[PDB]
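Taking it in order: structure first as C-alpha cells, then the write-up.
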Amino acid sequence: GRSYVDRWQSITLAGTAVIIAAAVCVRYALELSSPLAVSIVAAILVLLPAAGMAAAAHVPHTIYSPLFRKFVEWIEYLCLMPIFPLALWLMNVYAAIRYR
Amino acid sequence: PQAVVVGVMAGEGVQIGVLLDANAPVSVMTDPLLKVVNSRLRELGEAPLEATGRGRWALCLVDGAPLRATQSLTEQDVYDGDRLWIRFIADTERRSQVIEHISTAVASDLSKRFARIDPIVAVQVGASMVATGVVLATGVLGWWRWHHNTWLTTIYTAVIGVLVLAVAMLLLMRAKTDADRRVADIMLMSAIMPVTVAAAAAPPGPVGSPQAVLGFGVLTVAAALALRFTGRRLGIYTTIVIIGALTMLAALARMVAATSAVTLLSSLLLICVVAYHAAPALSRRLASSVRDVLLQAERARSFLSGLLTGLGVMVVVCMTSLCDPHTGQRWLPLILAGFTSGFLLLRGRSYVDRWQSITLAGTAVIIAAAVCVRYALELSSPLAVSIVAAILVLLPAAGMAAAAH
Amino acid sequence: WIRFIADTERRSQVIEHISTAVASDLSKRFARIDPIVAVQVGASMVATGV
Amino acid sequence: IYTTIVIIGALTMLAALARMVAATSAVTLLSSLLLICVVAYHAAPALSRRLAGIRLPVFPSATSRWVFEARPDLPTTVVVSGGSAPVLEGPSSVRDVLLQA
Amino acid sequence: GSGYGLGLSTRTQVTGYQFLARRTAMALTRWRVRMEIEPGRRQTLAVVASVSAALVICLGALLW
Amino acid sequence: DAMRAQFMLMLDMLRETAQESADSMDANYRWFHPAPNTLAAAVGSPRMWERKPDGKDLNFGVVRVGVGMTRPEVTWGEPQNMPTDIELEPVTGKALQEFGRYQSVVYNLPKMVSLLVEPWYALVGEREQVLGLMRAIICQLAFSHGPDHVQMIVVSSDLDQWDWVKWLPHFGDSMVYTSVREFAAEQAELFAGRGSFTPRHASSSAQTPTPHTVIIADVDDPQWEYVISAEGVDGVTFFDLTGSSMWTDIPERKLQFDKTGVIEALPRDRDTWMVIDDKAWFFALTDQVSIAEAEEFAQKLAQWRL
C-alpha cells in the first residue's frame, strides 16, 4: 500500500489485507465451534485492528534511523519469496512428481 | 407592465428597492445603476464599490449566475418582488501552459487535480476498522449464547465494553477540532453494542423473553445518556432510543402475558401511527442574538429526520410479520398494507425537507415490495413467481413513469 | 428615462443590511427538491425492482 | 465499476471452464487463481497504461539531424455553449495528455 | 509516419524503451519522477526469485 | 540508466526556468494591452490616456488585434560537442529535440499591429469580421490614446453602421463622409498639402507631429488612386473595409480572415516590425465588439475632458 499515493487506491489495498484476516477468523469459529476457539478468535478480532490505529497515529510524527527503515523494506521481499514454493506444496505437486 | 420593482444587492450587503424598466436590455441599466448604489452609500456614510485591476461589472441573480447582457428584463424570468445582485467579475485571460515529455507531464497534471493520502485520514480509517472489528467479536460471542447461555459471553463482553469506553473517554476530553471529534464519536458509537449484549446475556436459562428486556432497556438508556452528555450525532442516537423503548414495552408484555403476536404487532402499528402524526410536535418540544434562531432550526430538523426513520423501521418490521399468506383471511393484511402504504405515499410528499420527504416515500415502496416477496417465497408456485415478478417490476416502473412522463 | 407619474405614486426609499455572502450561501445550502433529482431517484427505484 | 466486472467475469470463466473440460479439483483451481492474482498485481500499473492509450515514441531522430528552429504546431480553437466566444487552448499534441492521465 | 509501422530495430532502442516504461509507470502510482531508488525493479525481481526457487524444488523431486 | 536518468532530471530544471520567465511576459503584455470587454470598467482609472509619444514609450501607435503565438524573451545556446547523427543515443536525442521545438514559443499571448509601419492595412473577409475587428481597434486606440494625439475619419455609404461614432471625442476636430468627392473638398484640402509615407519607430516618434490620422475607407470609390498610388502621406494610415483592388495588391499590407475568424498575414519581427517572410501564415485569433458595446464604451468615454 505505501507504494500508492492516491487516497482510495491505498485504502483499498490496506482494507483488502485486513478483511482477509477477519474473514478467516469468522470461518474458524463457526465450524469446529468450541470454548477455546471462540475465546481466541474474539481477542484477535479486536486487538489486530487496534494495533493498526495505534501505529497509524504514532508513525507520522516520530523519527526512525536509516537502519530500521531499510529493515521494513526487506520484509516485503521476504514475504513474496515463499508464496510459490508454498502454493505448489499445498497443491501436492512435489509428492505427485516424486511418486510419478 | 412597463416596469417591475425588485431588490438590488450591493457591496458588503446593502439591499435597495428599485423600480426597473421591464423591457430595456439589462446591459443598458448596469452602468447608471452602479452610480445610484454608490451615491446612496456615500450619503449613508459607507464605502463605495470599486474595481480591482482587470474585470467587469455585471448584474446577477442571488445565486451569482449573470443575466444575458442582450436580453430584456421581461425576456428573462424576473418578476416584480424578486431580487438581483450587482457584482464585479475579474478577467480570466492568462497564458497557456505546455509540457511535452509524457513522463513528467503525467505526474504534474495528476498531482494538481486529485487528493493524496494524509495522516488525518489515516487515523479516521483506523478508528473505522476497530469499530467494525468489535461488532464482529460481539457477534460470535452473542452467537455462542443461543447454544450455551453461560457466564462466558457476559464476562468476556463486559471487559471489552469498559476498555472501548475508557479510550473514548480520554479522546472526548482531549479533542480540539471536528476532525478529532469524529474519531472520538466513531469510538463512542461502538461502545453501546458490547454493553447491550453483555447485559442481556446475564439472566440464565434458555434465551428469550426475560433476557431481551435488559438489552433493549440498557440500549435505550445508554443511547439517550450519550446524546444528553455529548450533544452531537442526534440522528443515530435518537433512532436507537425509539426502537429501543418500543421494543422494551413489547418484550415486557410478551414476558408477562400476551395472547398472540398479532396483538402486539397490531398494538405497535397503532402506537407508530399516532407517533407519525405527532412527529413534528415532538421535534418542536424536544428541540449575537440572531444565533438563537439558527441553532434551534437545525436541532428540530435533526430530531425529526431520525424520528420519521425509526418509525419506518418499526412499521416495516411489523407489517412484514403480520402479512402471512396462509393464515385466515389472506386478503385482510394485504389490503391493510395497501391502506398503510397509501397514507405514507400521500402524506410523505407534504413534508418540506427532502430527506424527510424522500425517506417517507421510500418507506412505502419497501413495504409493498417486501409483502410481494413474502407472498412469492411462501406459497410458492410457477404462476405465483411469474405474477410476483410482473407486479414487482411494474410497481416501481409505474411510480417513475408518473413522475417522468 | 421619460415616465408617467400618476398621482397615486409613492416610493419605498428604505434599505436593509445583511451580508450577501450569507444570503447566497444559505440559498444553495438548503432549498426545496427539484424534478431533475427525482428522475435519478425514479431510475434507482425501478432498477431495484428488476 | 465496469472494469471490476470484466476481471471477475474473465477469471471465473476460466475457472468454470477448467472444471467443465476436466474434473481436476477445487483446491487446484483456487490455488491457481491465487498465483495468477499475485503476478497480476505486479502488471497492473503497466497494463493500465496501454488500456488508456498512452504511447511512448522511440526512434533515432527520424534518421536525420535535429531542426531546432522548426515551425511549431498550430494551436486549436475551442468553444462552450454559454461561452460561445471561441478561444484557442494550445497544441493538439499536448491537450490529449491531460485526458489520458 | 516517422515511428509508425513494423520496421527494424536495435538493442539500444530495446533498453531505451524499457527505461521510459519504468519511469512513466511510477509516475502513475507515486506521482513523482525523482526516482531516488527504483522499487519497481526490486518488487519484480522478488517474484522471479520465488518462481525460480519453486522450479529448483520441483526439478529436485524428479531427480529423486 | 544512471547516465540517462541524470540527463532527464537536469533537462526539467531548465524547463522551470523558462516557465518562470514566461509568467513575467504574460503579466506585462496584459497590463499594457487588455481585452476589449474589460476597457469599460477601466475608463475612470489613471490607465486611460496614459500613452505618450515622447520617444521612450515603445507602445505608442501599437494596437492589440487578438491572441496567438509569440517568441519568448529566452535566448538558447547550442550544446557544445554534439555527437554525430550515428553516435546519438535514442532516448536523450529525441528529448533534447522535442524540448527545443516546444519551449521555443509561448502560447495564447496578445498580438498587435503598428500604425507607424504601413500606409494602409487591407482587411479582407466577410463584413462582420472586418467591422468587428475595426470597432475593437477604434475603442482600443480611444482608451489608450488621447484626442490631442489621435484623430479619426470615416468615409462610408453605410452610415447606419457608423452611427455610434458620434460619442467618441477622437472623431471631433479643433466627421463622417458619404463619398471621396465629399471628403476631397473638406478633408483632402488639408492632408494633400504635403508629404509621403515613411515607416517610423519609437525613437523617431518624438519628432513626428502630435495628431496622428486614421482614415477608414468603406466606399470603394476609384478616386482614391491619387493618394494611394503616390504612396500616401506622413501622419496618415488607411484601413480598407471593402477589399478593393487598389489596396489588395500588396501582401505586406493584406490581412486575410478565415471562416473561423483566424487572421493570416506575413510574419513580422516582434522588436523591429520588419517583415521576415514572404508567405502568409497564422497571425491572431480575432476579438470583436458589437455596435451596442462600442456605443456603451463610447458613452462612458464621452464623459471626460482634459
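For region D:31-101, how big is the tail of P(r) above 19 Å, as a whole percent of Cα pairs? Summing the P(r) of region D:31-101 above 19 Å gives 66 percent of all pairs. Calculated mean residue ellipticity at 222 nm for chain F: -9500 deg cm²/dmol, from DSSP H runs with n ≥ 4 weighted as -39500 (n - 2.57), summed, divided by the residue count and rounded to 500. Peptides D:1-12, D:48-59 ordered by packing proxy, namely the average of other Cβ atoms within 10 Å per residue, highest first: D:48-59, D:1-12.
For chain E, what does -39500 (n - 2.57) per DSSP helix run (n ≥ 4), summed and divided by total residues, give at 222 nm, in deg cm²/dmol to the nearest 500? Working shown, then result.
Details: 2 runs with 44 residues, N = 64.
It lands at -24000 deg cm²/dmol.
Tell me which DSSP H helices of chain A clear both cut-offs, 20 Å or more of axial length from alpha-carbon atoms and a mean Kyte-Doolittle hydropathy of at least 1.6. Membrane-span-like by this rule: A:35-58. Across all C-alpha atoms in region F:241-283, the radius of gyration and Dmax reach 11.2, 31 Å.
Can you give the FRET efficiency for B:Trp57 and B:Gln296, using 1/(1 + (r/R0)^6), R0 = 30 Å, r = Cβ-Cβ distance, to the nearest 0.05? If you can, show how the numbers build up before the last one.
Working: r = 39 Å, r/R0 = 1.31.
Efficiency, rounded to the nearest 0.05: 0.15.
When Cβ neighbours within 10 Å are restricted to other protein chains, what is their mean count per residue of peptide A:73-85? Intermediate results must be reported in sequence, preceding the final value.
On the way: counts 3, 2, 0, 4, 7, 1, 1, 9, 5, 3, 8, 13, 8.
The mean count of partner-chain Cβ atoms within 10 Å per residue comes to 5.
The distance from the alpha carbon centre of region B:368-405 to that of region B:254-279 is 28 Å, rounded to a whole number. Axis of helix D:2-21 versus longest Cα principal axis of chain D: the two differ by about 30°, to the nearest ten degrees. For the segment B:53-61, counting C-beta atoms of other chains within 10 Å of every residue's C-beta and taking the mean gives 4. With the convex hull of the Cα atoms taken as the outline of the protein assembly as shown, the averaged projected area works out to 63.8 nm².
A crude spin-label estimate for the pair D:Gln100 and E:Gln43, with each label 7 Å from Cα along the Cβ direction, gives 2.2 nm. Going from the fewest other Cβ atoms within 10 Å to the most, the residues F:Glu295, E:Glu38, D:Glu69 appear in the order D:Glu69, E:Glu38, F:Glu295. For peptide B:390-397, what's the mean number of Cβ atoms from other chains within 10 Å of each residue's Cβ? Mean shielding count: 3.
The dipole here belongs to chain B: it is taken about the Cα centre, uses +1 on the Cβ of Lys and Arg and -1 on the Cβ of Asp and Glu, and is about 940 debye.
Taking a straight Cα-Cα cut-off under 25 Å and skipping sequence neighbours fewer than 8 places away in the same chain, the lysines within cross-link reach of F:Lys111 are F:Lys52, F:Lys56, F:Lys254, F:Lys259, F:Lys279. When the alpha carbon gyration tensor of region B:112-170 is reduced to an equivalent ellipsoid, the three semi-axes, largest first, read 35, 15, 5 Å.
For F:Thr92 and E:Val51, what does the FRET efficiency come to when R0 = 35 Å and r is the distance between their Cβ atoms, rounded to the nearest 0.05? Show your work: numbers first, answer last.
Values: r = 34 Å, r/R0 = 0.98.
Result of the calculation: an efficiency of 0.55.
Using the Stokes-Einstein relation with a Kirkwood hydrodynamic radius computed over Cα pairs, the translational diffusion coefficient of region B:209-360 at 20 °C and a viscosity of 1.002 mPa s comes to 125 µm²/s.
Computed about the Cα centre, the dipole magnitude for chain A is approximately 240 debye when only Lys and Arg (+1) and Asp and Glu (-1) carry charge, each at its Cβ. For the pair B:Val317 and F:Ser245, label points projected 7 Å from Cα toward Cβ lie 9.7 nm apart. Most tightly packed first, judged by the mean number of other beta-carbon atoms within 10 Å of their residues, the peptides D:18-25, F:99-106 read F:99-106, D:18-25. Qualifying GluC sites (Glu not before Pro) in region F:206-276, where qualification requires a DSSP coil assignment and no more than 14 other C-beta atoms within 10 Å, comprise F:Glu231.
Here the Karplus curve 6.51 cos²θ - 1.76 cosθ + 1.60, taken at θ = phi - 60°, turns the phi angles of region F:151-158 into couplings of 10, 10, 10, 10, 10, 8, 8, 8 Hz, with x standing for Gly and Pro. Report note on the peptides B:91-99, F:162-170, B:47-55: ranked by the mean count of other C-beta atoms within 10 Å, highest first, their order is F:162-170, B:91-99, B:47-55. Rounded to the nearest 500 deg cm²/dmol, what is the calculated helix-only ellipticity per residue at 222 nm for chain B, with -39500 (n - 2.57) per DSSP H run of length n ≥ 4? When only DSSP H runs of four or more count, the value is -23000 deg cm²/dmol. Volume per residue of the convex hull around the Cα atoms, evaluated for region B:177-241, comes out as 72 Å³.
Using the Cα centre of chain F as the reference point, and only Cβ charges (+1 on K/R, -1 on D/E), how large is the resulting charge dipole? Debye, rounded to the nearest 20. If you can, show how the numbers build up before the last one.
Numbers: 26 positive and 45 negative charges, 136 e Å.
Rounded to the nearest 20 debye, it is 660 debye.
For B:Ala3, the residues 5 or more places off, or on other chains, whose built amide H falls under 5 Å of its own are B:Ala22. Rounded to the nearest 0.05, the FRET efficiency derived from the C-beta distance between B:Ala158 and C:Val37 at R0 = 35 Å is 0.15.
With Cβ to Cβ distances under 15 Å as the rule, what net charge do the other residues near F:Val233 carry (K, R +1; D, E -1)? Before the final figure, lay out the partial values.
Details: positive: F:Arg194, F:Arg200; negative: F:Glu118, F:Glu189, F:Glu225, F:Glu231, F:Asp234.
Overall, the nearby charge balance is -3.
The residues B:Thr359, B:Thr153, when put in order of fewest to most other Cβ atoms within 10 Å, stand as B:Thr359, B:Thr153. Dividing the Cα radius of gyration of region F:1-144 by 2.2 N^0.38 Å, with N the residue count, gives 1.48.
The distance separating the Cα centre of region D:61-101 from that of region E:2-64 comes to 33 Å.
In the calculated pair-distance distribution of chain F, the portion above 29 angstrom amounts to 43 percent of the Cα-Cα pairs. So if I average 1/r over every pair of distinct C-alpha atoms in region B:80-211 and take the inverse, what Kirkwood radius in Å does that give? Evaluated over region B:80-211, this radius sits at 20.0 Å.
Only counting other Cβ atoms within 10 Å, I'd like B:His147, B:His326, F:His145 sorted with the fewest neighbours first.
Values: B:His147 10, B:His326 7, F:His145 22.
Final ranking by Cβ density, sparse to dense: B:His326, B:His147, F:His145.
Label reach from D:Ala70 (point 7 Å along Cα→C-beta): in region E:4-36, no amide nitrogen lies under 12 Å. Within the shell of other residues whose beta carbon sits under 14 angstrom from the beta carbon of B:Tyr237, the net charge comes to +3, with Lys and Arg scored +1 and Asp and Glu -1.
Viscosity 1.306 mPa s, temperature 10 °C: give me the Stokes-Einstein translational D for chain B in µm²/s, with Rh taken as the Kirkwood radius over C-alpha pairs. Working shown, then result.
Numbers: Rh = 27.7 Å.
Result for D is 57 µm²/s.
Dimensions of region A:1-61 from C-alpha coordinates, computed as largest minus smallest value along each principal axis and given longest first, are 43, 23, 12 Å.
May I ask for the distance between the Cα centers of region A:62-100 and region B:41-98, given as a whole number of Å? Their Cα centres are 66 Å away from one another. Along its three principal directions, the equivalent ellipsoid of region F:40-107 from the Cα gyration tensor extends over semi-axes of 45, 15, 9 Å, largest first. Counting only other residues whose beta carbon sits under 12 Å from that of E:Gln13, what net charge do I get with K and R as +1, D and E as -1? Taking every Cβ under 12 Å from that of E:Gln13, the sum is +1. Above 18 Å, the calculated P(r) of region A:18-91 contains 65 percent of its Cα-Cα pairs.
We did not get these values from a lab; they are worked out from the coordinates using the rules stated. Positions of Cβ are generated from backbone atoms using ideal geometry, with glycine treated the same way; all protein chains shown enter the neighbour counts.
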